[PDB]
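>>> Just the structure for this:
(chains A, B and C)
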Amino acid sequence: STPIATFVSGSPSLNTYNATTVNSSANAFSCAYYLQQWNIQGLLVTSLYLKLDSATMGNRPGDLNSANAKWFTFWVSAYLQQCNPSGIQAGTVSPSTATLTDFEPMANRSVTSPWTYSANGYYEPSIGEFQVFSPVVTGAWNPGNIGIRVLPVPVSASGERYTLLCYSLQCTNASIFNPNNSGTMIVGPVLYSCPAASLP
Amino acid sequence: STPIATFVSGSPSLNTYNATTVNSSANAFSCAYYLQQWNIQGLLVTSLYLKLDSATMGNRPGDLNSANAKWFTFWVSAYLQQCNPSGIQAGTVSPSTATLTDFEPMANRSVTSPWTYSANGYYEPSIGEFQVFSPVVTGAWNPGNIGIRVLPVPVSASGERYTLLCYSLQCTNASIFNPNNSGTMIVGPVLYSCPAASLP
Amino acid sequence: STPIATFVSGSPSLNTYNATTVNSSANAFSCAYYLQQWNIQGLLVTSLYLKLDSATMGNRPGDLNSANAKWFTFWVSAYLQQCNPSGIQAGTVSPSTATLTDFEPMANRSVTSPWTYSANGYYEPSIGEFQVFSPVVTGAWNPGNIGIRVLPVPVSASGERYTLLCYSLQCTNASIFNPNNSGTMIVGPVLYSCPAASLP
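Numbering: from 1, shown residues only, chains lettered A, B, ... in the order given. I have put the structure below:
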């Protein structure tokens, strides 16, 4: 077969806000992303950009707890109909014979108990690799450094198990979820490699 | 030739404890691992899981020094007979014409003086890249975050030089080497890329 | 076409000091490097070693500000004539039909305003991924840990835009730019992956 498959999805301009992220106060928001993936003979390499904008993200509750939220979770999925909590969009696979199941991560060998899938449930991974990024911010958003916990996570839905890539983005400062602050934030490219579930 | 070679070794369940790790108090232990490697046109990509279990690791000396140990070293080798201090097991290479020498890292250009190979010697690398992981832990094991120093290291044995991949796993808290504490710990997948010594 | 292209440049021994780095006090220095790159079906993987040596780097101003400098910037470019602030040398591309434009990074989706290219200008990136290395040091050089900010950066020159890979190396301690201290420092291999601008 083909030794290498690729997948590209999302908004190249980061100006289309068609995905979803849930923060630690269980508030759901619209976000933009750009996703580029490779399956290189069973190695899954994933590049991701994420953007939030006060003007497109949605209502930000006031209440101290909500306004002081710092963490939010984003999910990259290869199961766009069956287990897609962050609403990854249909994209382009190369070559033409590849399919999105070429982009499922191999199960995480450190984790057994799965997350029960919700459309708006907040999942906070406390295990796995930790990366640090400085974000690109505009306006009155001042999150500071963004820590990123990233790992393959087993997710249960309707008696089926899926492994998804989970990103917990962890602001240094409360800022971006406070409705009194307008602004934007972009982080990336966040790179993550792991074994793929199959060969392309 | 083939542009891409792969190697897989170890325990998929992490329930077979056939490798070896030495900690900073020079105490040797049995551990489980799962190793997946790629040589992509001379780029070596390595994925590793590691597991320790109080019930299989071996005797844990008491003595303050031993019980308060936090660091341990694991070695990934492509020289399973000649220079294999952590006891990587025979595995599966793809394609059929590839050999394990396809998985030797290129020499580290920052290091000249080699480590003198021992079957039970403790080597503590103080140079190189540093990654941080949160482990998956059970029972009364509470190591906290695991720092990971990882790099290709030159190793001497019987007038021959080998480059191996060295991992120093560095617990935040003394816990796992204290014989009064039962538990387990899994870390991974730890990803590391470096130039390969050759093309596959 | 070829799914995989490679590029190799610089000094394998790190003993040829033909590249350039500018530090935070705007002092320019000669340095050695070794650069190995892959374009794997549009994924750009870059391995870099960097070396400074008091005996080859050039004049180190005294003046408190200069001597206490800790950060310096290195640029990897695929535009060796048009936009090459660190003086990457001509190298070897494989296969024979590949060219250096196969190694241009895709534009950074988080950054719009470019850096105005200088031959000796200091650029300090404050956004992007952050890695940590322990360096290999000799003599009276004691920089401690080296933080590394690394990202693709848009650069303007003569009405043309280029994306280059920018590395900000950030010493923990003032040491290496103090003319009273002789020594050397090597860091690497620093690995960085990002999307490539094109397929090879």
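
>>> for chain B, what are the nearby residues on chain A?
Chain A has residues A:3, A:40-43, A:108-111, A:126-130, A:149, A:152, A:193-195 near chain B, with proximity defined as C-beta under 8 Å from any C-beta of the partner chain. In short, each C-beta sits where N, CA and C put it, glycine included.

>>> What about those, which are in strands?
A:40, A:43, A:128, A:129, A:130, A:149, A:152, A:193, A:194, A:195 (DSSP state E).

>>> hang on, the earlier thing: name only those of the residues of chain A next to chain B that count as buried.
By the neighbour-count criterion of 16 or more other C-beta atoms under 10 Å in any protein chain shown, these include these buried positions: A:3, A:40-43, A:108-111, A:127-130, A:149, A:152, A:193-195.

>>> Please enumerate the helices of chain A.
A:64-67 (DSSP state H).

>>> So which residue is dead centre in it?
residue A:74 (2.8 Å; C-alpha atoms, centre = their mean).

>>> That one against residue A:33, yeah?
Yes: assessed by C-beta atoms under 8 Å, residue A:74 is found in contact with residue A:33 at 7.3 Å.

>>> Quick check: neighbours shared by the two?
Common neighbours of residue A:74 and residue A:33 (criterion: C-beta atoms under 8 Å, 6 or more residues apart in numbering or on different chains): A:19, A:48, A:50, A:86.

>>> List buried residues within these.
Among the shared contacts of residue A:74 and residue A:33, those classed as buried by 16+ other C-beta under 10 Å are A:19, A:48, A:50, A:86.

>>> Pick out whichever of the residues you listed sits closest to residue A:174.
residue A:50 (18.5 Å; C-beta to C-beta).

>>> surely that closest one meets residue A:187?
Yes: between residue A:50 and residue A:187 there is a contact at 5.3 Å, judged by C-beta under 8 Å.

>>> how about the closest residue to residue A:178 other than its chain neighbours, what does it touch?
Once flanking residues are discounted, residue A:178 sits nearest to residue A:67: 4.1 Å by C-beta to C-beta, 6 or more residues apart in numbering or on different chains. For residue A:67, the contact set (C-beta under 8 Å, 6+ apart) comprises A:60, A:61, A:174, A:177, A:178, A:179, A:180.

>>> Distance of the third one relative to residue A:184?
Counting by C-beta to C-beta, to the nearest Å, the gap between residue A:174 and residue A:184 amounts to 17 Å.

>>> more neighbours, these two?
Taking neighbours as other C-beta atoms under 10 Å in any protein chain shown, residue A:174 and residue A:184 compare with residue A:184 leading, 20 against 16.

>>> Settle this for me: that one is touching residue A:32, isn't it.
No: Residue A:184 lies out of contact with residue A:32 (C-beta under 8 Å); the separation is 9.7 Å.

>>> which residues do the two both contact?
With C-beta under 8 Å, 6+ apart, residue A:184 and residue A:32 have common neighbours A:51, A:53.

>>> to the chain's geometric centre, what's the distance from stretch A:83-96?
Its chain's C-alpha centre and that of stretch A:83-96 lie 13 Å apart, by C-alpha atoms, centre = their mean, to the nearest Å.

>>> Over to stretch A:98-113?
Per C-alpha atoms, centre = their mean, the centroid offset for stretch A:98-113 relative to its chain is 15 Å.

>>> How about that stretch and chain C, touching?
No: on the criterion C-beta under 8 Å from any C-beta, stretch A:98-113 is out of touch with chain C, staying 11.6 Å away.

>>> Show me which positions of that stretch end up buried.
In stretch A:98-113, counting by 16+ other C-beta under 10 Å, buried: A:98, A:100, A:102, A:103, A:104, A:105, A:106, A:107, A:108, A:109, A:110, A:111.

>>> Looking at those, which is nearest residue C:136?
Nearest member of the buried residues of stretch A:98-113 to residue C:136, counting by C-beta to C-beta, is residue A:110, at 32.0 Å.

>>> okay but that closest one is in contact with residue B:187, surely?
Yes: at 7.1 Å, residue A:110 counts as touching residue B:187 under the criterion of C-beta under 8 Å.

>>> Spell out which parts of chain A neighbour chain C.
A:3-4, A:6, A:12, A:14, A:34, A:36, A:38, A:40, A:45, A:47, A:49, A:131-136, A:145, A:186-191, A:193.

>>> Next up, the contacts around the residue nearest to residue A:109 when sequence neighbours are not counted.
Excluding the flanking residues, the one nearest residue A:109 by C-beta to C-beta, 6+ apart is residue B:49, at 4.8 Å. Applying C-beta under 8 Å, 6+ apart, we find residue B:49 in contact with A:109, A:110, B:10, B:14, B:33, B:34, B:186, B:187, B:188, B:189, B:190.

>>> Quick check: residue B:49 vs residue B:178, distance?
23 Å.

>>> what do you get for residue A:97?
55 Å.

>>> quick one: which of these two has more around it?
Neighbours around residue A:97 and residue B:178, counted as other C-beta under 10 Å, are more numerous at residue B:178. The numbers are 17 against 11.

>>> I'd say the more buried one and residue B:64 touch.
No: counting by C-beta under 8 Å, residue B:178 does not reach residue B:64; the two are 9.8 Å apart.

>>> Overlap of the contact sets of those two?
Between them, residue B:178 and residue B:64 share no contacting residue, judged by C-beta under 8 Å, 6+ apart.

>>> how about the strands in chain A?
According to DSSP E, the strands that chain A contains are A:4-10, A:19-23, A:28-40, A:43-53, A:71-76, A:92-94, A:115-116, A:128-134, A:136-139, A:146-157, A:160-171, A:183-195.

>>> okay, now the closest residue to residue A:119 other than its chain neighbours: neighbour count?
The shortest distance from residue A:119 to any non-neighbouring residue, by C-beta to C-beta, 6+ apart, is to residue A:85 (6.5 Å). Residue A:85 is flanked by 25 other residues according to other C-beta under 10 Å.

>>> and the gap between residue A:85 and residue A:120?
According to C-beta to C-beta, residue A:85 and residue A:120 sit 8 Å apart.

>>> Pull up the overlap in contacts between those two.
By C-beta under 8 Å, 6+ apart, the residues touching both residue A:85 and residue A:120 are A:20, A:22.

>>> start to end distance for stretch A:16-35?
13 Å (C-alpha to C-alpha, to the nearest Å).

>>> circling back: buried members of the residues of chain A next to chain C into ChimeraX, please.
Listed next is the ChimeraX selection for buried residues among the residues of chain A next to chain C, using 16+ other C-beta under 10 Å:
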select /A:3,4,6,14,34,36,38,40,45,47,49,131,132,133,134,135,136,186,187,188,189,190,191,193
